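Whatever order the structure lists them in is the order used to number ligands and atoms, beginning at 1. We name chains A, B, ... by the order of the sequence lines, and we start the count at 1 in each one. Just so it is clear, the values below take in all heavy atoms, side chains as well, and ignore hydrogens, waters and symmetry mates.
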Amino acid sequence: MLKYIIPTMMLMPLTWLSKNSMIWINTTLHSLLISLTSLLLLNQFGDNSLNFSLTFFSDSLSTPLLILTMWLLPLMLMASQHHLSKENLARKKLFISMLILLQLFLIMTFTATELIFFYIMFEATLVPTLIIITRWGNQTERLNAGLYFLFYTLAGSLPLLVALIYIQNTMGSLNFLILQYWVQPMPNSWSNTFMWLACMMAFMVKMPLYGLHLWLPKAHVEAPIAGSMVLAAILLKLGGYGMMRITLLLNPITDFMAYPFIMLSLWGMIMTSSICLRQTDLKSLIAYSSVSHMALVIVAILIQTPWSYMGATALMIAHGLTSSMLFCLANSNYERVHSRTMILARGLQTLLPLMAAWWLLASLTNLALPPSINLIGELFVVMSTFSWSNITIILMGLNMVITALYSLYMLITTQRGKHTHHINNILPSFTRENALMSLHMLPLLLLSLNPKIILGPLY
Amino acid sequence: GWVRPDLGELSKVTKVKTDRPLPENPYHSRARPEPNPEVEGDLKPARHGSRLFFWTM
Ligand SMILES: CCCCCCCCCCCCCCCCCC(=O)OC[C@H](COP(=O)([O-])OC[C@H](O)COP(=O)([O-])OC[C@H](COC(=O)CCCCCCCCCCCCCCCCC)OC(=O)CCCCCCCCCCCCCCCCC)OC(=O)CCCCCCCCCCCCCCCCC
Ligand SMILES: CCCCCCCCCCCCCCCCCC(=O)OC[C@H](COP(=O)([O-])OC[C@H](O)COP(=O)([O-])OC[C@H](COC(=O)CCCCCCCCCCCCCCCCC)OC(=O)CCCCCCCCCCCCCCCCC)OC(=O)CCCCCCCCCCCCCCCCC
């Protein structure tokens, strides 16, 4: 995996040694080259995981997340180079360096063979996101956004640190490949109960679980665009990745300890979708939609059937692309009206038709329109939960109803109706903005043609 | 015929011929504890390094 870590680290002399007008072009170009190279991780096998070294491996779960991570960096560079156009040159290079350092921590978070190195990288990803939110954020409450970001993600991860070292002292190793073959059945006891909670609540915060989700509609709202993109596309998915690694060790105590968290996620996907139906803030609507879609991923990990894990990894990749595109659309209108109020500027198809087409595509992929991989993930999680309990189809279908409702209400409110009379700075769509929308949507549309690469280790 | 000893003589350390045996254990010390075994053998390198969680050296 070192052949991607070293070009990611060479992006730092590539961004600090550039000409002052060339720092976006060079970083965009070479991060696109690294993302071109990221497809060499697709050397997967039906029996064996692609085990590089003692430190790194990449099975079919980490591989689409790595391609998505290495693809998201040029899109963040394109998205952030307008609102930072009046920034200091040194602060601009520091922003680019925080994005590169975050990519560096992510691409060896997903390839961590050993779980405490996963923990070190998994908590190292906070600090660039911390600096991005609480340096280049927008309004006054960006410091309360990162404070509840840093507190929730560390108070959940702190019992995880004791839990992984307890596995280290008892089993002998935190290699995932070793613990595939040395896993013991975890019985029913109170010690094993708090063991399960310590191993799970960190990723429950990072997904987020309903009830633990209150950091997210402030950390996504008060972030700049690259921060919101990476938060909704990768940093939520670190929790699903960690759960799919850690529920190997938590059997069969999961089969009766997962019930209250299955109830929390199955009801919070209804609650947060209803909350999306009544958001005045567009970026908050996309944030609560992200919570509502990750609740299904929590359910599919906690019921641990093969169809559930396939649907959960498909839904993580699909939702990463879709929510990144929706935040970029919301920023494209925030760069014109300077407000995130959704009811402020309406009728924008009368002024921006092609951007309204990108809004339509992102809304249709939001509500899981077939044959997108959004619907593949949504549908497989619904199949596995119907197998889990037949009564859960009511909550699943009701969630899908409310999902289509808030998706098309966002489409109607932002794009349709009568336009606003007292707003006259609505520029034509730049080539950069449509390039950003197309580089989101076209990979998402192409992954419907060959969906098997994003269906995880047990396709 | 007794000559008084000169200055220095009565403080000399003399030798005494005895016919009693030397006390082999005047302190009545019991058996001493056996010492901890020392290290012996050459120093091979650490098997796969520090073994600290993921550090391969
Ligand atoms: C690997 C090789 C692959 C080759 C084939 C490519 C495969 C598909 C890739 C994507 C294709 C579409 C991409 C462009 C459309 C988006 C932008 C747009 O609308 O621009 C308008 C513009 C023309 O319009 P305009 O009049 O100038 O302006 C529009 C107005 O602003 C007003 O705007 P508007 O509202 O009138 O227009 C928006 C309209 C809005 O239309 C709708 O809302 C209706 C669509 C939903 C209902 C109908 C479809 C339902 C699903 C069934 C069909 C799929 C399965 C079929 C198979 C059999 C059944 C299973 O969308 C369209 O007209 C697009 C038609 C195609 C829609 C595809 C599905 C999108 C729905 C959401 C996701 C659904 C699930 C995923 C499906 C994936 C299929 C592959 O289009 C272009 O300029 C196109 C540019 C070239 C596109 C190249 C695409 C390939 C890129 C990949 C590169 C790498 C591989 C190389 C391939 C090269 C091929 C040449
Ligand atoms: C014939 C006679 C002549 C022969 C010459 C042969 C060589 C020719 C070239 C001469 C130069 C050789 C250089 C060292 C050899 C390569 C070492 C290596 O890649 O180890 C892989 C090492 C383990 O991978 P592997 O596949 O298991 O082992 C492959 C080999 O067997 C590795 O061997 P190993 O398994 O025996 O390694 C032992 C162990 C292997 O490692 C482990 O056991 C895993 C634990 C490693 C530490 C993880 C700490 C995590 C928490 C802290 C994270 C810090 C933030 C990250 C950095 C932020 C930015 C500064 O090493 C360590 O624990 C040392 C600590 C990590 C330092 C690695 C060497 C760095 C040298 C250059 C530093 C330049 C700045 C780079 C950024 C600083 C951080 C790396 O990779 C990592 O740990 C990931 C990080 C990447 C490593 C550094 C890459 C070096 C080249 C950087 C070029 C770009 C610089 C850009 C500008 C500055 C930065 C902005």
Side-chain angles (χ1 to χ4, degrees), chain A residues 1-17 30 34 36 39 50-58 93 96-98 100-114 116-125 127-128 174-175 314 318 321-322 325 348-379 404 407-408 411 415-416 428-429 433-451 453, chain B residues 45-46 48-57:
Chain A
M1 272 293 304
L2 194 60
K3 70 174 76 69
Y4 303 113
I5 295 168
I6 293 176
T8 303
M9 293 184 292
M10 289 302 290
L11 286 175
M12 297 289 181
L14 189 272
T15 186
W16 286 96
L17 296 170
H30 293 285
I34 295 167
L36 189 273
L39 292 168
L50 185 58
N51 294 310
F52 295 108
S53 66
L54 297 169
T55 311
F56 302 108
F57 80 110
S58 69
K93 290 184 181 180
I96 298 170
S97 298
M98 293 308 108
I100 294 164
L101 187 63
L102 182 58
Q103 189 199 14
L104 184 69
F105 291 160
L106 287 168
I107 64 169
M108 58 186 175
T109 310
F110 294 116
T111 59
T113 290
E114 193 266 342
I116 211 66
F117 181 70
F118 170 72
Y119 182 75
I120 291 170
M121 290 296 107
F122 174 77
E123 298 294 314
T125 58
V127 196
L174 285 169
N175 183 351
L321 290 167
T322 300
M325 186 173 178
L348 294 172
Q349 186 178 2
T350 58
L351 310 179
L352 270 64
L354 180 61
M355 191 62 71
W358 297 115
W359 275 96
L360 174 57
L361 294 177
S363 297
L364 292 182
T365 56
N366 195 4
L367 56 89
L369 181 64
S372 64
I373 55 166
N374 279 301
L375 191 273
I376 296 170
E378 178 72 28
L379 190 67
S407 297
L408 292 177
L411 181 66
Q415 303 300 311
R416 288 181 171 181
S429 294
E433 290 176 350
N434 288 320
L436 186 60
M437 303 314 114
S438 59
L439 288 177
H440 284 93
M441 179 50 72
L442 294 176
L444 183 62
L445 290 173
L446 285 170
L447 287 176
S448 300
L449 298 175
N450 197 1
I453 63 171
Chain B
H48 302 291
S50 62
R51 284 178 281 147
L52 186 60
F53 285 106
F54 55 88
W55 279 278
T56 57
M57 293 185 74

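- For atom 40 (C) of ligand 1, the protein comes within 4.0 Å by at least one heavy atom.
- The shortest N/O to N/O separation between A/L449 and ligand 1 does not fall below 3.5 Å.
- In summary, the atoms of ligand 1 found under 4.0 Å from a heavy atom of A/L364, numbered by their order in the structure, are 43 (O).
- The nearest heavy-atom contact from the protein to atom 84 (C) of ligand 2 is A/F56 CZ, 3.9 Å.
- B/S50 places a side-chain N or O within 3.5 Å of a backbone atom of B/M57 that can act as its donor or acceptor partner.
- Distance screen at 4.0 Å: atom 26 (O) of ligand 2 has a protein heavy-atom neighbour inside the cut-off.
- Remark: atom 54 (C) of ligand 2 lies closer than 4.0 Å to no protein heavy atom.
- In terms of protein heavy atoms, atom 95 (C) of ligand 2 is closest to A/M10 SD, 4.0 Å.
- The ligand atoms of ligand 2 that sit less than 4.0 angstrom from a heavy atom of A/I120 are 51 (C).
- Those atoms of ligand 1 that come under 4.0 Å of a heavy atom in A/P353, given as number and element, are 31 (O).
- Close approach to B/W55 involves these atoms of ligand 2, each under 4.0 Å from a residue heavy atom: 43 (O), 45 (C), 47 (C), 63 (O).
- Residues A/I34 and A/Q103 come closest through the heavy atom pair CG2-NE2, 4.4 Å.
- When non-hydrogen atoms are compared, ligand 2 lies under 4.0 Å from the backbone of B/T56 as well as from its side chain.
- Residue A/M9 touches ligand 2 through backbone and side chain together, judged by heavy-atom distances below 4.0 Å.
- Distances below 4.0 Å separate heavy atoms of A/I5 from the following atoms of ligand 2: 85 (C), 86 (C).
- Within the 4.0 angstrom cut-off, atom 91 (C) of ligand 1 has one or more protein heavy-atom neighbours.
- The protein non-hydrogen atom at the shortest distance from atom 57 (C) of ligand 2 is A/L104 CD2, 4.0 Å.
- In this structure, A/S372 contributes its side chain and A/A368 its backbone to no donor-acceptor pair below 3.5 Å.
- Below 4.0 Å from some heavy atom of A/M12 lie the following atoms of ligand 2, by number and element: 100 (C).
- Under the 4.0 angstrom criterion, atom 86 (C) of ligand 1 counts as lacking any protein heavy-atom contact.
- Interface of A/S53 with ligand 2, defined as ligand atoms under 4.0 Å from a residue heavy atom, comprises 25 (P), 26 (O), 27 (O).
- For A/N366 (side chain) and A/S407 (main-chain N/O), no donor-acceptor pair under 3.5 Å exists by modelled atom type.
- Minimum heavy-atom separation, A/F117 to A/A112: CD2-CB, 3.6 Å.
- Between B/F54 and the options A/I116, A/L174, A/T113, a side-chain contact (heavy atoms from CB on, under 4.5 Å) holds for only A/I116.
- Among all protein heavy atoms, the one lying closest to atom 47 (C) of ligand 1 is A/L369 CD2, 4.8 Å.
- Distance check for atom 36 (O) of ligand 2: a protein heavy atom is found below 4.0 Å.
- The heavy-atom pair separating A/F105 from A/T125 by the smallest distance is CB-CG2, 3.7 Å.
- Separation of atoms CG (A/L447) and CG (A/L442) is listed at 11.0 Å; rounding is to 0.5 Å.
- Counting only heavy atoms, the protein never gets under 4.0 Å from atom 6 (C) of ligand 2.
- In this structure, atom 65 (C) of ligand 1 has its sub-4.0 angstrom surroundings free of protein heavy atoms.
- Here A/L360 has side-chain heavy atoms under 4.0 Å from ligand 1, and that is the only part of it that gets that close.
- In this structure, atom 11 (C) of ligand 2 has its sub-4.0 angstrom surroundings free of protein heavy atoms.
- For atom 50 (C) of ligand 2, a protein non-hydrogen atom is found at a distance below 4.0 Å.
- Close to ligand 2: A/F105, with a non-hydrogen atom less than 4.0 angstrom away.
- Nearest protein heavy-atom neighbour of atom 52 (C) of ligand 1: A/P371 CD, 4.4 Å.
- When the options A/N374, A/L352, A/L354 are ranked by their closest heavy atom to atom 20 (O) of ligand 1, first place goes to A/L354.
- The nearest heavy-atom contact from the protein to atom 94 (C) of ligand 1 is A/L446 CD1, 3.8 Å.
- Smallest separation of non-hydrogen atoms from A/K3 and A/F52: NZ-CE2, 4.3 Å.
- Of all the listed residues (A/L2, A/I6, A/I107), A/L2 holds the heavy atom that lies closest to atom 18 (C) of ligand 2.
- Atom 58 (C) of ligand 2 has its closest protein heavy atom at A/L101 CD1, 3.7 Å.
- Distance remark: protein heavy atom not present below 4.0 angstrom from atom 60 (C) of ligand 1.
- Closest to atom 73 (C) of ligand 1, if we only count protein heavy atoms, is A/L445 CD2, 3.8 Å.
- The protein heavy atom nearest to atom 17 (C) of ligand 1 is A/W358 CH2, 3.6 Å.
- Distance from atom 70 (C) of ligand 1 to its nearest protein heavy atom, with residue and atom name: A/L361 CD2, 3.7 Å.
- Remark: side-chain polar atoms of A/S438 are paired, donor with acceptor, to backbone N or O of A/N434 under 3.5 angstrom.
- Of the protein's non-hydrogen atoms, the one nearest atom 38 (C) of ligand 1 is A/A357 CB, 3.8 Å.
- For atom 44 (C) of ligand 1, the protein comes within 4.0 Å by no heavy atom at all.
- Of all protein heavy atoms, the one lying nearest to atom 23 (C) of ligand 2 is A/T55 OG1, 4.0 Å.
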- Task: Under the side-chain contact (heavy atoms from CB on, under 4.5 Å) rule, what do A/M325 and A/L321 come out as? Steps first, then yes or no, please.
- Result: CA-CA 6 Å; A/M325 186 173 178; A/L321 290 167; over 6 Å; no
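- Counting only heavy atoms, the protein never gets under 4.0 Å from atom 33 (O) of ligand 2.
- Each of the following atoms of ligand 2 lies closer than 4.0 Å to a heavy atom of B/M57: 36 (O), 38 (C).
- Contact annotation for atom 82 (C) of ligand 1: protein absent (non-hydrogen atoms, distance under 4.0 Å).
- Of the listed options A/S448, A/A362, A/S372, A/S372 places a heavy atom closest to atom 75 (C) of ligand 1.
- When distances from atom 77 (C) of ligand 2 to the protein are checked, a heavy atom turns up under 4.0 Å.
- Near A/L442, meaning under 4.0 Å from any of its heavy atoms, are these atoms of ligand 1: 13 (C), 91 (C).
- With A/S448 contributing its side chain and A/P371 its backbone, the two residues share a donor-acceptor pair below 3.5 Å.
- At least one heavy atom of A/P370 sits under 4.0 Å from some atom of ligand 1.
- With ligand atoms numbered from 1 in the order given, ligand 2 contributes 50 (C), 51 (C), 53 (C) to contacts under 4.0 Å with heavy atoms of A/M121.
- Looking at ligand 2, you'll find an N or O of B/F54 within less than 3.5 Å of one of its N or O atoms.
- The A/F117 neighbourhood of ligand 2 comprises atoms 48 (C), 50 (C), with distances under 4.0 Å to a heavy atom of that residue.
- Looking only at side-chain heavy atoms (C-beta outward), A/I5 and A/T8 stay at 4.5 Å or farther from each other.
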